[PDB]
């Protein structure tokens, strides 16, 4: 089978190897902060967000995800958008107190950012549906109440810039995903809370928060 019974972009979470996330993109450094999630962070719509046992302060971060359509090694910024298959709406689910400890102790962010279900993900949005990734409204509601809204025009580092920089450090494979940061309004969730989030005019998704 030489088809999309092999690498279907509509199911990128099933076969995608790597997830790369930018830090503060809405002190900021000369470059975007980068951290990884494992493939097993993916929570496709229908999956709950799982509060880890060790987690006291679970935070939502609505983020635009950029899906790579082809292998990219030191991708030029001017070519970067030729490497994009499309987008997903994502949550960068964060154990915020663990993260405070990680920052303070100079440890890796893995227990804060990389747990099971730490990357809820919408249906695949083909590139065609988004003329301009930097002209979108991201929104997130908890129990029907708006908590984050932000414009992707507010991004400090552009998506072509991010793809380029990341690919110079980490070769990206077909189906790798880059989370491009969260606007203002990040905040906590508790067991049995309902998250709704969307990109205006493009896609919405629902997640319930549960425990292990």
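Numbering follows the first chain given and starts at 1.
K.L.:
Please count the deposited residues lying between residue 35 and residue 36 that the model leaves without coordinates, and give the class: none, 1 to 3, 4 to 9, or 10 or more.
P.N.:
In the record, the chain runs straight from residue 35 to residue 36 with none unmodelled.
K.L.:
Would you mind comparing 186-194 and 14-22 for me and telling me which has the higher average C-alpha temperature factor in the entry?
P.N.:
Stretch with the higher mean C-alpha B-factor: 186-194.
K.L.:
If you average the CA temperature factors over each stretch, which comes out higher, 195-203 or 5-13?
P.N.:
If you average the C-alpha B-factors of 195-203 and of 5-13, the larger mean comes out for 5-13.
K.L.:
Between 112, 74, 123, 107, which one tops the list for Cα B-factor in this entry?
P.N.:
Highest C-alpha B-factor among the listed residues goes to 74.
K.L.:
Based on what the PDB entry reports, which of 167, 148, 158, 39 has the top C-alpha B-factor?
P.N.:
Result of the comparison over 167, 148, 158, 39: 148.
K.L.:
Could you tell me which third, lowest, middle or highest, the C-alpha B-factor of residue 130 occupies within its chain?
P.N.:
Highest third - that is where residue 130 ends up once the chain's C-alpha B-factors are sorted.
K.L.:
Relative to the other modelled residues in the chain, which third contains the C-alpha temperature factor of residue 48: lowest, middle or highest?
P.N.:
As the PDB entry reports it, the C-alpha B-factor of residue 48 lands in the highest third of its chain.
K.L.:
Split into thirds by Cα B-factor across the chain's modelled residues, where does residue 141 land: lowest, middle or highest?
P.N.:
Answer is middle: the recorded C-alpha B-factor places it there.
K.L.:
Test of reading the entry: by CA B factor among the chain's modelled residues, which third contains residue 152?
P.N.:
Tercile = middle for this residue's CA B-factor.
K.L.:
Comparing residue 28 with the other modelled residues of its chain, is its CA B-factor in the lowest, middle or highest third?
P.N.:
Highest third, going by the recorded CA B-factors of the chain.
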